[PDB]
Structures are given as structure tokens and as C-alpha cells.
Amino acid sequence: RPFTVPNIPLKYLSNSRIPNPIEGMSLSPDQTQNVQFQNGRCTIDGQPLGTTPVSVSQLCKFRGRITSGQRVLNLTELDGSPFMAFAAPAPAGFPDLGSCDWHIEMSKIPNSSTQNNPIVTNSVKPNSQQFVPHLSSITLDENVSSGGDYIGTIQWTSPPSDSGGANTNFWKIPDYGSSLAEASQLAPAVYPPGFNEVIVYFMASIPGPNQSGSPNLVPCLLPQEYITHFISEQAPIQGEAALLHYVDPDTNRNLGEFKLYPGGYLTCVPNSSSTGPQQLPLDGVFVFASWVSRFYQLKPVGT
């Protein structure tokens, strides 16, 4: 009932859009820019939004049936329950990595084989028209030899096909697909809130090329283990923001001030235009300070 944040250092926590360790914090390239992720979305009183799952083990996964010799994956839930389009862009944990191709790996469940490799490689173009997860299906790039119940994941990403040579861009989400009066019901956009404040993103890496030849970094608004805490704790909100300290666990010296908003996003004020949380160590811990106002003024983060 008293609001809390898991007492673990950031270095040991998972991204909430890809199931990979957090590698750092950073700002969005345009610091006034809005995002609309469907995963890693949860109110701090514990309501998940979009397609967000409880556990990392169901993050960025898909599952469905496909007919032998065919390309169309009829989606279910990761446990095989049918997917009801009820307030939901796609099944739970379905990837929200927009603006890229998804080179996928999958396998049949349950296993029934006694030899051979059960893994199947394939590809998806989420900007393709038949990419309609919200209407329970996506069309793969190659036919699948053996029909069956496949569960799988994004194995690596590459720049998006049929985009006139655009780059990978993990700040965008896909188009889940809609028809007449059958619109996808998305988690709403997240906005910088004013008061000099920029949103902090937590970066992890997924394999795959990009046109700059740089690391392949996926941002997200919270670590997954924070979301799972909230879903469990369901602590009541008692203020317009929860003020948090990024505290050095060894020294008790707190390394920066942050406002964590009810909607499930975290902000800071950057010191200079160059600086920000990029420079913070990864072995600090976030600790709930007190409930505060819209109007609280954060000491800026950086050098």
C-alpha cells in the first residue's frame, strides 16, 4: 500500500520491449518528442496498457497456427488461448518494434520430434498490408513447410523493406491493422509534461544491422521488473508524481532527482543541452523519495 520501487540496481534489470538487459539510460533524439509504445506500459498503481505482459518471459513473443506450405500466421495468446480483439492491439507480449523488418525464429509447441533441428527461420515486414495482428494474423515472408502451432520471437532486426531506404527506428511502433469500426485500441501517447522535463528511456540491444553500423538500441519507459512489481503491489497513487532518487547503493550518495508519473513514465531535467542521464552509472538504484506536485522543480542531471 505504500508505494515502492524494486530495490535492485538498474544493471540487473530487463528492458520492457525486448527481453534483454538494460544497458543505460538516455533521452529521445528530439527531447520534445512523443512516443506511443504498446509494450512496457503500466500505471504505477499497476494497470498494464497496450500489449504489455507481466513477465519478461512473455515479452516480444508471438504464437499462432500456420498451414503447411503457407505464409499466414493466425495468432493466439502465447499459451494457445484464442486472441480476443477486446481493447488490445495484439496478443499479450506481441512485439511493438515498429519501423524495421523482423527476422524471426520459431518452433512448434509441443515438441514431438526425436531428431533434427526444430527451429525455423523466417521474416516479417510489419509495414506490409497483411501485417494485421489486431485482426489476428500476420503474413510471413517465406512459406512454412510443416504446418502446426508455432511460438517464437524476433531473432534480429534490419532496416524496413519498402520504405524508400529508411533506417531502423525503434522510437516508432507498427500499424496493427484496422477495418470498418474495427479500430485497434492503443495505449495512448506519452508526452513530455513541461517544467523543463524530458522523458528518460532505458536502452537495451537487439541483434541486427542498421545503416549507421552502430549499436541496435531499443528504448522503453520502465524496466520490466518495475512493471511486475506494480502489477503485484497495486499501490494507490497519492500525488501528481512520485519523486525518486537515483541512489548510489554503496555510499548513500544520491546521484539524481527524477519524477515518476502516474502514467508509468519517468522524467528528469537535463543540466546542459549535451548532458543528461546518459552519464549516470548503471549500478545505482531508484528509491521512492516522497509524493510531489506537478510543480516540483528537479535539480538537473548531468555535467
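Numbers follow the displayed sequence, beginning with 1.
When 273 to 281 is weighed against 260 to 268, 273 to 281 comes out higher, by mean CA B-factor as recorded in the entry.
Annotation for 167 to 175 versus 82 to 90: the higher mean temperature factor (C-alpha) is found in 82 to 90. Looking only at 192, 152, 110, 98, the residue with the top Cα B factor in the deposited structure is 110. If you compare the C-alpha temperature factors of 124, 144, 222, 231 in the entry, 144 comes out highest. Sorting the modelled residues of the chain by their CA temperature factor places residue 255 in the highest third. For residue 48, the recorded CA B-factor ranks within the lowest third of the chain. Only modelled residues enter the ranking. In this PDB entry, residue 215 carries a Cα temperature factor that places it within the highest third of its chain's modelled residues. Looking at the C-alpha B-factors along this chain, the one for residue 41 belongs to the lowest third. Ranked by C-alpha B-factor against the other modelled residues of its chain, residue 57 falls in the lowest third.
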